[PDB]
Amino acid sequence: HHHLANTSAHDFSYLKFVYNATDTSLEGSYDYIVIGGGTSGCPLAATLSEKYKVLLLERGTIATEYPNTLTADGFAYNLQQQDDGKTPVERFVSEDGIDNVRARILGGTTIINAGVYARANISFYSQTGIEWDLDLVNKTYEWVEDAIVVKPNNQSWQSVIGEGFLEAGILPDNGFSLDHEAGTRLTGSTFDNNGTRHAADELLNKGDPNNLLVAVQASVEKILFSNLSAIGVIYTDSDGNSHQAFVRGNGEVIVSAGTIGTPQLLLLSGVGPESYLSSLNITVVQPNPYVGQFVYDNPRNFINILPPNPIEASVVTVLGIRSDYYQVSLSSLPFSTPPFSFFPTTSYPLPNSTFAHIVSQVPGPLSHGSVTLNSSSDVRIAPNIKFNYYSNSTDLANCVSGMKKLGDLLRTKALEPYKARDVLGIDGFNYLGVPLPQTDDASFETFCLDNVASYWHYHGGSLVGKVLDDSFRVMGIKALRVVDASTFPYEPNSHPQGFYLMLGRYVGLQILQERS
Ligand SMILES: Cc1cc2nc3c(=O)[nH]c(=O)nc-3n(C[C@H](O)[C@H](O)[C@H](O)COP(=O)(O)OP(=O)(O)OC[C@H]3O[C@@H](n4cnc5c(N)ncnc54)[C@H](O)[C@@H]3O)c2cc1C
Ligand SMILES: *[C@@H]1O[C@H](CO)[C@@H](O)[C@H](O)[C@H]1NC(C)=O
Ligand SMILES: *[C@@H]1O[C@H](CO)[C@@H](O)[C@H](O)[C@H]1NC(C)=O
Ligand SMILES: *[C@@H]1O[C@H](CO)[C@@H](O)[C@H](O)[C@H]1NC(C)=O
Ligand SMILES: *[C@@H]1O[C@H](CO)[C@@H](O)[C@H](O)[C@H]1NC(C)=O
Ligand SMILES: *[C@@H]1O[C@H](CO)[C@@H](O)[C@H](O)[C@H]1NC(C)=O
Ligand SMILES: *[C@@H]1O[C@H](CO)[C@@H](O)[C@H](O)[C@H]1NC(C)=O
Ligand SMILES: *[C@@H]1O[C@H](CO)[C@@H](O)[C@H](O)[C@H]1NC(C)=O
Ligand SMILES: *[C@@H]1O[C@H](CO)[C@@H](O)[C@H](O)[C@H]1NC(C)=O
């Protein structure tokens, strides 16, 4: 941990090579075009710029425009803000009926997220069957962590929850560790100890400023194609005017537009299921039955306690990890207006005093759905997304196990001081919303199904093995890759930003190696 970042201002030095997409002088030929300035896309673009000319295209603006994205204290504010089409949080509702969000800003979801930083489960690499260069993976985690990851200071509520997880049997005690391993630990954070948010945009500072250009408010609406090869993109600016840019020689287009954005853009560009695209009168460039298939959202289930004495607000740093459930708790100020998707519907009761949100995440999940187009032409119209929560009975069984463990946690001496009534039972807590039921699995199953929310860690839609090869290339198409959370059908860990930050640079290094 010698290499971890320290407290420091958010580093916006990279703004010297950030330009409005209205600037037609950005149009032309590049070695690489990266679509989506997010978690994977920023480190990918910075890495390729070490040697080659890169254009990074991001549909959102710069985070300085929304200062509440730059502090831990601003987390709920960004979700509370109405979506006017320009804000950093884009609201959506899955076809299941569960409210959700994605980012629309340079730095992507790292600019709006809950800051938790973890390295992938070390079993993940061999589970994928990809021939990873594991030494390089680790160097790459260190390259991310040196810029934006701290060892968190003590926070009273996170310490209470960690003592509770240990008492409840979530063993062993791993102390401070970046690694996804069974037991209870303090993990890293991308909020520093002064509350400053650090994010993927800062990895642009590691790019070569002579080689990297970033266009913001660049809405990429189509991949252009030629042996079938990607050659370029069409993007529009904030005034609505169109622009073109191309790759040259042995260069490549990489889509880093997220679980939602990547499949949407491939489908709009004619890459996807042949009879589906034909149904819409979209000319098929490359038939692939899996584009926008195998889309996953790990369920979040939770209870809320209202202690009779105020608790200190925290960011999540203490994790209770089992193979079948990953648990945390956030302590928060009350909410005067709903932070969209924090609770899964807009009619949920809001807390009027300090509260602990006590959470369990289902691994995998095994349930999957799809991204499909709403508009056959307009990339600014959100696609349809369905997750099919709890369609797979294993997911439901694992939520029941997680909920029973949350019962154990509420029964600890660690949590006893936060009860309203000093009675023997967990009914001595005051709850916001639905409490845990009791004994028989059926009451737990109903609880899991009825009270599900998004964990916000959705993934899939452009999977390795379905849409991509083991080098992240789109099968059948030259000079086209995908690097972002669309690429895997299971989580790398409880909190995947660390993995997708690493993956952007790692695939960049693989591209530069493959090319030399
Ligand atoms: C509210 C919330 C809290 C979270 N908390 C945590 C946490 O604490 N820890 C953790 O590990 N994970 C957390 N996650 C999950 C994690 O942050 C994400 O899974 C990860 O950041 C996804 O990275 P990505 O590169 O796939 O997508 P993104 O980072 O969203 O990047 C995609 C980018 O592409 C841009 N874009 C999309 N379409 C286009 C287009 N057509 N043209 C141009 N640009 C386009 C988007 O604007 C965006 O900037 C959280 C997620 C959310 C939503
Ligand atoms: C953080 O501070 C320590 C000295 O306390 C130093 O050893 C280290 O290099 C600093 N880290 C970074 C990434 O700047
Ligand atoms: C780009 O320029 C337009 C005016 O042509 C302006 O309305 C918009 O806010 C600018 N965007 C950024 C990100 O500077
Ligand atoms: C990579 O780092 C992890 C800890 O994150 C360590 O357990 C593992 O042994 C390292 N692998 C290699 C090949 O260095
Ligand atoms: C902490 O952040 C604030 C901005 O919120 C800044 O005024 C202050 O200088 C920072 N503290 C340290 C110790 O760098
Ligand atoms: C596709 O175009 C054909 C005409 O070539 C038309 O008959 C059909 O209705 C169209 N379908 C859609 C969904 O536009
Ligand atoms: C680590 O990942 C593997 C799947 O490859 C799984 O067997 C194991 O349960 C995971 N461990 C935890 C603690 O999540
Ligand atoms: C587009 O989205 C809305 C929900 O946002 C839905 O009611 C409508 O049916 C969708 N249209 C298409 C063509 O899928
Ligand atoms: C649950 O998903 C797994 C995929 O790992 C599959 O083997 C199992 O058959 C699925 N069950 C249902 C009901 O789809």
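Label-point separation (nm) for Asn193 and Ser156, each offset 7 Å from Cα along Cα-to-Cβ?
The modelled label-to-label distance comes out at 2.0 nm.
In the chain, with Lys and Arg counted as +1 and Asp and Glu as -1 at Cβ, which of these residues, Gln510, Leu415, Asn250, has the Cα nearest the positive end of the dipole, that is, farthest along it?
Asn250
Using a cut-off of 20 Å between alpha-carbon atoms, which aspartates and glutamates can reach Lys478, once sequence neighbours fewer than 8 places away in the same chain are excluded?
Straight-line reach from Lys478, under 20 Å: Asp31, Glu221, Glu252, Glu274, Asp469, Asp470, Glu514.
Note down the nm distance, to one decimal, between modelled labels 7 Å out along Cα→Cβ at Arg411 and at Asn374.
In this crude label model, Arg411 to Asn374 measures out at 4.5 nm.
Across 10 Å bins from 0, what is the distribution of all Cα-Cα pair distances for the chain, in whole percents?
Result, from short to long distances: 4, 20, 31, 26, 13, 5, 1, 0 percent.
How would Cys448, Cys42 line up from fewest to most surrounding beta-carbon atoms within 10 angstrom?
Arranged by neighbour count, lowest to highest, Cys448, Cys42 become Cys448, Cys42.
Given R₀ = 30 Å, FRET efficiency for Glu142-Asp470 by Cβ-Cβ distance, to 0.05?
Plugging the Cβ-Cβ distance into 1/(1 + (r/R0)^6) gives 0.80.
So in the chain, which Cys have no other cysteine's beta-carbon sitting under 4.7 angstrom from theirs?
Taking the Cβ cut-off of 4.7 Å, the unpaired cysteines of the chain are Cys42.
Please report the equivalent ellipsoid semi-axes of segment 289-428, computed as sqrt(5 x eigenvalue) of the Cα gyration tensor, largest first, in whole Å.
34, 20, 11
Separation between the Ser275 and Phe12 pseudo-spin-labels, each 7 Å from Cα along Cα→Cβ, expressed in nm?
Rounded to a tenth, the inter-label distance reads 5.2 nm.
For segment 90-225, list log₁₀ I(q)/I(0) at each q in 0.19 Å⁻¹, using the Debye formula over Cα point scatterers of equal strength and ignoring solvent, two decimals each.
The computed values of log10 I(q)/I(0) come out as -1.31.
Taking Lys405 as the anchor, which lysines have their alpha carbon closer than 28 Å to its alpha carbon, excluding any fewer than eight residues away along the same chain?
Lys151, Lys413, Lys419
Write down Rg/Rh for segment 77-158, rounded to two decimals, with Rg from the C-alpha atoms and Rh from the Kirkwood relation over Cα pairs.
Rounded to two decimals, Rg/Rh equals 1.07.
Only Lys, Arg, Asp and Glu count, each charged at its Cβ (+1, +1, -1, -1), so figure out the dipole size of segment 211-318 about its Cα centre, rounded to 20 debye.
160 debye
Among the DSSP beta bridges whose two residues both lie in segment 50-207, what percent are antiparallel, rounded to the nearest 5?
If we restrict to bridges inside segment 50-207, about 70 percent are antiparallel.
State the three equivalent ellipsoid semi-axes of segment 389-516, derived from the C-alpha gyration tensor as the square roots of 5 times its eigenvalues, in descending order and whole Å.
In descending order the semi-axes read 44, 17, 10 Å.
Got a sec? Which residues in segment 377-406 would a label at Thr345 touch, if it sits 7 Å along Cα→Cβ and we count backbone N under 18 Å?
From segment 377-406, the list is 387-390.
Which of the GluC sites (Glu not before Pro) found in segment 65-133 are in a DSSP loop and have at most 10 neighbouring Cβ atoms, other than their own, within 10 Å?
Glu131
Over the alpha-carbon set of segment 1-159, work out the extent along each principal axis and list the three values in angstrom, largest first.
Principal extents (Cα only, largest first): 48, 41, 39 Å.
Based only on Cα atoms, what Rg/Rh ratio does segment 178-236 have, Rh being taken as Kirkwood's radius?
Ratio value, two decimals: 1.19.
Note the per residue figure in Å³ for the convex hull of the C-alpha positions in segment 171-212.
So the per-residue hull volume is 89 Å³.
Which three numbers, in whole Å and largest first, are the semi-axes of the equivalent ellipsoid of segment 258-347 derived from its Cα gyration tensor as √(5λ)?
Its equivalent ellipsoid spans semi-axes of 42, 17, 11 Å.
Filter the cross-link list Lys53/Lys139; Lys16/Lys206; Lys51/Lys206 down to pairs whose alpha-carbon distance in this structure exceeds 19 Å.
In this structure, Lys53/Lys139 lie more than 19 Å apart at Cα.
Every number in this text was worked out from the coordinates using simple rules, so none of it is lab data. Virtual Cβ from ideal backbone geometry, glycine too; neighbours counted across all protein chains shown.
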